[PDB]
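Each remark here refers to the structure printed beneath this line.
The residues of the chain are indexed from 1 along the displayed sequence. All values below were derived from every heavy atom in this structure, side-chain atoms included, with hydrogens, water molecules and symmetry-related copies excluded.
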Amino acid sequence: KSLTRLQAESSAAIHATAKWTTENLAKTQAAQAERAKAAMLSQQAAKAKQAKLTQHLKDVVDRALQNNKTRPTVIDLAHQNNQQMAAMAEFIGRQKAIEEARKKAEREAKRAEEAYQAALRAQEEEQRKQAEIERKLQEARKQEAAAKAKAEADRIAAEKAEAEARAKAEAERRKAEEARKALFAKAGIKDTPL
């Protein structure tokens, strides 16, 4: 094969690889946009869960403040009677039990708050990765355009070298035939009808 045809095969193979690279990045972009959308969905669910468990904590706090209204009066501590002691002991038991339930509602609200912050960070990270893939995909498209333009220019150069090779061989063949026939014609030996 001619050097121009061999050069056109080399650049066509490089353009085929540039196409594969761009296509791989385009599929990566589409799969990464789906992961970002999945992370937005998971973040909206953690946001809802945080609001729900915060409301539950608020409801347990209101149960405490309602029970606190029932606090009995025990001021003569040296002369407490059995009914006043039972009233105070039962009030303290109810306040301690509500406090255990409030501590648990608060532990759960805090975990849900932390899970909402983690899902916000995960959404941010999937969007960061998506924007980086998009920058690489733009890079892939620019390299592919350059490879396409080069493969095309090499193919046209190969075609031009063959058109020129053919024109030159025809021009040399006609020049030799005319040179031979001019010797006869210049000596006055002329052509005649068939």
Side-chain angles (χ1 to χ4, degrees), residues 1-65 98-172:
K1 285 175 216 166
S2 66
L3 175 63
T4 51
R5 272 297 167 192
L6 295 167
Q7 295 244 67
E9 283 184 17
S10 167
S11 51
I14 288 161
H15 174 213
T17 303
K19 285 178 63 66
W20 187 89
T21 290
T22 298
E23 288 163 352
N24 176 66
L25 271 159
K27 282 187 163 66
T28 300
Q29 187 284 332
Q32 185 55 39
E34 297 302 313
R35 274 182 306 254
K37 290 151 61 166
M40 299 170 191
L41 179 141
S42 179
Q43 172 266 120
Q44 298 290 335
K47 191 188 193 175
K49 180 177 170 180
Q50 167 188 268
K52 184 196 169 271
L53 304 182
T54 291
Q55 182 62 48
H56 181 62
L57 171 57
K58 188 200 128 329
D59 295 336
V60 178
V61 171
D62 286 341
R63 183 181 315 163
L65 307 182
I98 295 167
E99 173 62 17
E100 292 291 337
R102 192 211 57 78
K103 274 190 170 65
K104 183 194 186 186
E106 189 164 37
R107 243 181 279 111
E108 293 183 25
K110 288 187 186 286
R111 299 191 198 112
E113 280 169 355
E114 273 172 349
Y116 173 51
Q117 294 304 320
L120 282 172
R121 240 82 292 142
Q123 174 179 335
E124 283 154 21
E125 175 61 16
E126 291 313 318
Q127 291 177 176
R128 185 197 66 78
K129 295 189 298 171
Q130 189 185 328
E132 177 55 26
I133 289 305
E134 290 163 349
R135 193 194 65 80
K136 286 200 165 76
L137 174 55
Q138 172 161 273
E139 285 313 303
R141 284 181 166 149
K142 289 168 44 179
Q143 287 192 8
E144 184 185 345
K148 189 179 178 184
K150 185 53 171 36
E152 179 85 17
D154 293 351
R155 192 195 97 256
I156 288 161
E159 292 171 14
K160 188 164 153 164
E162 284 156 24
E164 289 174 0
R166 182 185 287 277
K168 188 146 127 57
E170 178 59 22
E172 285 168 13

Evaluation steps, salt bridge (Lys or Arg N to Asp or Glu O under 4.0 Å), between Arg155 and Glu159: CA-CA 6 Å; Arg155 192 195 97 256; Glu159 292 171 14; 2.7 Å; yes
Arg63/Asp59 under salt bridge (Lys or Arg N to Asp or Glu O under 4.0 Å): CA gap, chis, key distance, verdict: CA-CA 6 Å; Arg63 183 181 315 163; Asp59 295 336; over 6 Å; no
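Taking 4.5 Å as the limit, some side-chain heavy atom of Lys58 sits within range of a side-chain heavy atom of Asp62. Taking the side chain as every heavy atom from C-beta outward, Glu139 and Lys142 approach each other to under 4.5 Å. Annotation: side chain of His15 is not in contact with side chain of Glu152 (no heavy-atom distance under 4.5 Å). At least one side-chain heavy atom of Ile14 sits less than 4.5 Å from a side-chain heavy atom of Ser10. Side-chain contact between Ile98 and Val60 is present, with heavy atoms from C-beta onward closer than 4.5 Å.
When every heavy atom of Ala161 is checked against every heavy atom of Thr4, the shortest pair comes out as CB-OG1, 3.8 Å. Residues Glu126 and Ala36 approach most closely at CB-CA, 3.7 Å, considering heavy atoms. Of all heavy-atom pairs between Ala147 and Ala18, the closest is CB-CB, 4.0 Å.
A side chain to side chain contact (heavy atoms under 4.5 Å, CB included) with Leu53 is found for one member of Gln55, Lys49, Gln50 and no other, namely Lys49. The only member of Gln123, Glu125, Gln117 that meets side chain to side chain contact (heavy atoms under 4.5 Å, CB included) when paired with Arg121 is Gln117.
Taking CD from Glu132 and CZ from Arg135, the interatomic distance works out to 4.0 Å, rounded to the nearest 0.5 Å. Rounded to the nearest 0.5 Å, atoms CD (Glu124) and CD (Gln43) are 9.0 Å apart. Rounding to the nearest 0.5 Å gives a distance of 11.0 Å between CD of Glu144 and CG of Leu25. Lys129 NZ to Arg35 CZ: the interatomic distance, rounded to the nearest 0.5 Å, is 6.0 Å. Note: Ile133 CD1 to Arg128 CZ = 9.5 Å, rounded to the nearest 0.5 Å. One finds the OG1 atom of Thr21 at 11.0 Å from the CG atom of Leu137 (value rounded to the nearest 0.5 Å).
The main-chain N or O of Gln7 is found under 3.5 Å from a side-chain atom of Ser11 such that the two form a donor-acceptor pair. Counting only distance, with no hydrogens or angles, the side chain of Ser42 and the backbone of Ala38 share no donor-acceptor pair below 3.5 Å.
Between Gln32 and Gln130, the side chains place no donor N or O within less than 3.5 Å of an acceptor N or O (distance only, hydrogens not considered).
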Side chains of residues 103-114: which donor-acceptor partners sit under 3.5 Å, not counting sequence neighbours?
residue, atom, partner, partner atom, Å
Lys103, NZ, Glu99, OE2, 2.8
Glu106, OE1, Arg102, NH1, 2.9

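Heavy-atom contacts from other residues, nucleotides or ligands closer than 6.0 Å to CZ of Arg5 number more than 12.
By the 4.0 Å N-to-carboxylate-O rule, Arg166 lies too far from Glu170 to be salt-bridged with it.
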